[PDB]
Amino acid sequence: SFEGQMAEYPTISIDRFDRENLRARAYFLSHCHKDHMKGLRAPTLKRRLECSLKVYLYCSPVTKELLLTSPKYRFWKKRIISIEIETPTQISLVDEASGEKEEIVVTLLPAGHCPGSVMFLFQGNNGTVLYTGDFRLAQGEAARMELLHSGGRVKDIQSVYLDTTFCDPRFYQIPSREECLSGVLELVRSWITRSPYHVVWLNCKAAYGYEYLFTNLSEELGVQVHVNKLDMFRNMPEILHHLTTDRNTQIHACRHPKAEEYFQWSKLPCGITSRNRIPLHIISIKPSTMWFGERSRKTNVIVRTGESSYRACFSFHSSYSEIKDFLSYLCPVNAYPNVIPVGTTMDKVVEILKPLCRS
DNA sequence: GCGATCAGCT
Ligand SMILES: [Zn+2]
Ligand SMILES: [Zn+2]
Ligand SMILES: [Zn+2]
C-alpha cells in the first residue's frame with residue numbers, strides 16, 4: 001500500500017499521515033475514505049500542526065466539506081485549502097528548519113470514485129507525476145481529460161501512482177456506471193410499483209460513493225432515499241434533496257449493526273416492520289462488484305440471492321481493461337501500484353504495468 | 001480513557 005511519498009516530490013505527503021509523513025511540507029487528501037486517512041488525526045500530527053503554522057492540507061471542496069463534518073477532524077478546520085477541479089494552482093513548499101523553498105503546480109482531476117475524489121497531477125522541478133488516488137474511469141476517459149494534454153497530445157509524465165485494486169486479467173471487464181444504475185433502477189421500479197407496502201433496502205457499506213445510485217433512483221422514481229445521517233451533505237444540495245431521515249419512503253439505505261437479523265424478521269434497519277399496521281414487503285439489494293473475463297459472455301448485473309435478496313453490480317475501482325487503457329494512453333516512464341491486492345504480488349502487478357510504460 | 005492490532009463479520 002502507498003506510504004504517502006512519491007520519489008520525485010518526497011516533501012509532500014498524499015493519503016498517508018503517519019511515520020515519515022509527519023515531516024511533510026504539505027498534505028493532500030484525494031478523497032474521504034478511512035483507508036486514505038491513516039494518521040490524519042494522530043495526536044502527534046495535531047501537535048506538529050500547532051508548531052509548524054505553514055503546513056496545510058490540500059483537497060477538493062467536497063472532500064473538505066465531508067472531512068470537516070466528522071468531529072474528530074475539526075482541528076483541521078483552519079488548516080485546509082480546497083482547490084477547485086481542473087484549475088492549475090501553484091503552491092509554495094517551504095522547509096521550516098532549513099529555509100528551502102520549492103514551487104509546484106497541482107491540478108485536481110475528477111477520479112469518478114466518490115464525492116470529492118480527485119487525481120493529483122503535479123508539475124515542478126523533478127518531472128510531471130500523476131497520483132490517481134482511488135479511480136474508476138471508462139475506456140478513453142484519460143484521452144478526453146484536457147489538463148493531461150499539451151498541444152493536443154498527452155503530457156510527458158515521468159511517473160503514475162495508480163489504483164491497482166483490480167490489476168489482474170481475472171477482472172477483465174466490469175459493467176459500466178450506467179448499466180449498473182439501469183439494472184438497479186429497473187429492479188426497484190418492478191418492486192415498489194406493486195403496492196405502497198413494497199419497499200427496497202439498499203444494503204450499502206458505510207462509506208462515500210453510493211450517493212450517485214441514491215440520486216438517480218430518487219430522480220427517476222420521485223422517491224427520496226432514507227439514510228441514518230445526511231448532515232455531512234447539509235451544504236451540498238444536489239445530493240441532500242435526494243435523501244431524507246423521514247422513514248416514510250419505499251427506498252431505504254439506512255444501516256444498523258443487526259440489519260441482517262432485522263431483515264430475517266422483515267424489519268428495516270431504521271426499525272419499522274409496517275405502515276398503518278400493514279406489514280411491509282422488503283427486498284434487499286446489495287451493491288457487489290462483478291466482473292467478466294475477456295471472452296465477453298457477460299451476465300445480468302442483477303443476481304437473485306434468495307426469496308427477497310439481490311446482488312447488484314457496482315464498483316468503486318477501474319477494471320483491468322480500464323487500468324490498461326488508462327496507463328497505455330498516458331505511457332509514463334514509470335507506473336507504481338498504490339496497492340498489491342491479497343490475490344496477487346508486486347511481481348505480477350509490475351509484469352502487467354511495465355509493458356504499458358515507455359519502451 | 002485512548003490508540004493501534006486484529007478476530008470476526010459483513
Ligand atoms: Zn476509496
Ligand atoms: Zn480503497
Ligand atoms: Zn430506513
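In the text below, chain A, chain B and the rest are named by the order of the sequence lines, each starting its count at 1. Just so you know, these numbers use all the heavy atoms, side chains as well, and skip hydrogens, waters and symmetry mates.
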* Donor-acceptor pair, side chain of A/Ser318 and main chain of A/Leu137, under 3.5 angstrom ->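 Yes; judged by distance alone, with no hydrogens or angles, the pair exists.
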* **Co-members of A/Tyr172 in a cluster of I, L, V, M, F, W and Y side chains, linked at under 4.5 Å** =>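 ILVMFWY cluster around A/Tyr172 also holds A/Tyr320, A/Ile352.
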Specify the separation, in whole Å, of atom [atom1] of [X] and atom [atom2] of [N].
X: A/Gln264; N: B/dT10; atom1: CD; atom2: P; value: 11 Å
X: A/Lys72; N: B/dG1; atom1: NZ; atom2: P; value: 14 Å
X: A/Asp18; N: B/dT5; atom1: CG; atom2: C1'; value: 14 Å
X: A/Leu45; N: B/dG3; atom1: CG; atom2: P; value: 13 Å
X: A/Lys38; N: B/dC6; atom1: NZ; atom2: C1'; value: 12 Å
X: A/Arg311; N: B/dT10; atom1: CZ; atom2: P; value: 16 Å
X: A/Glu260; N: B/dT10; atom1: CD; atom2: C1'; value: 7 Å
X: A/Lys258; N: B/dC9; atom1: NZ; atom2: P; value: 15 Å

* Could you tell me whether A/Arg255 contacts a base, only the sugar-phosphate backbone, or nothing, with contacts defined as non-hydrogen atoms closer than 4.0 Å? =>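 No contact at all - A/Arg255 keeps every heavy atom at 4.0 Å or more from the nucleic acid.
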* B/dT10 versus B/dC6 - spacing of their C1' atoms, nearest Å ->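 Straight-line distance between the two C1' atoms is 16 Å.
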* **Per A/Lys286 side chain, nearest of listed nucleotides B/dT5, B/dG3, B/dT10** =>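 When the side chain of A/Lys286 is considered, B/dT10 is the closest of B/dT5, B/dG3, B/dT10.
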* To do: For A/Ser308, enumerate each residue passing the side-chain contact (heavy atoms from CB on, under 4.5 Å) test, keeping only those at least two apart in sequence or located in another chain.
  =>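 Partners of A/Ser308 by the side-chain contact (heavy atoms from CB on, under 4.5 Å) criterion, ordered by chain and then number, come out as A/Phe263, A/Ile283.
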* So A/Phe316 and A/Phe314, would you call those rings parallel, tilted or perpendicular, with 30° and 60° as cut-offs? ->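 Correct class here is perpendicular.
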